[PDB]
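**Q**
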Amino acid sequence: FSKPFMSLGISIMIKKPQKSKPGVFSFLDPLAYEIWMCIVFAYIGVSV
Amino acid sequence: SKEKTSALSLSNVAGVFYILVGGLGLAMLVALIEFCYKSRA
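Chains A and B, in that order, give the protein sequences. First residue of the first sequence? That's 1242 in our numbering, and the numbers climb one at a time after it. First residue of the second sequence? That's 3 in our numbering, and the numbers climb one at a time after it.
1. By the three-class DSSP mapping on this structure, what secondary structure does B:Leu12 have?
2. Looking at the C-beta of B:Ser11, does it have a partner C-beta in chain A at a distance below 8 Å?
3. By Cβ distance below 6 Å, which residues in the same chain neighbour B:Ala16 in space, the five residues on each side in sequence not counted?
4. Would DSSP call A:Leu1272 helix, strand or coil?
5. CA-CA distance, residue 47 of chain B and B:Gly24?
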């Protein structure tokens, strides 16, 4: 071998943690979409 | 260590809709039997 002309080391590569894309409907996330309908169909039902 | 980000399904709050409708029909039961007694008296 010759003289070391470039210094380096073993490091780690993972995929970069992606851009946090919430979506335009992120606030409706902790409840499933079924429940939001079942609220509204029961919202009309109680008011009827 | 592997815990998940889980939304509530409909099964989690399932009985609340049941006691909602049960509270509805009970009011349907009372709204009948309050008009009948005043129509008798």
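A virtual CB, placed ideally from N, CA and C, is assigned to each residue, including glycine.
**A** Taking the structure as given:
1. coil
2. yes
3. none
4. Assigned with DSSP and collapsed to three states, A:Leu1272 falls in strand.
5. Because chain B is modelled from 3 through 43, residue 47 of chain B falls outside the range shown and cannot be assessed.
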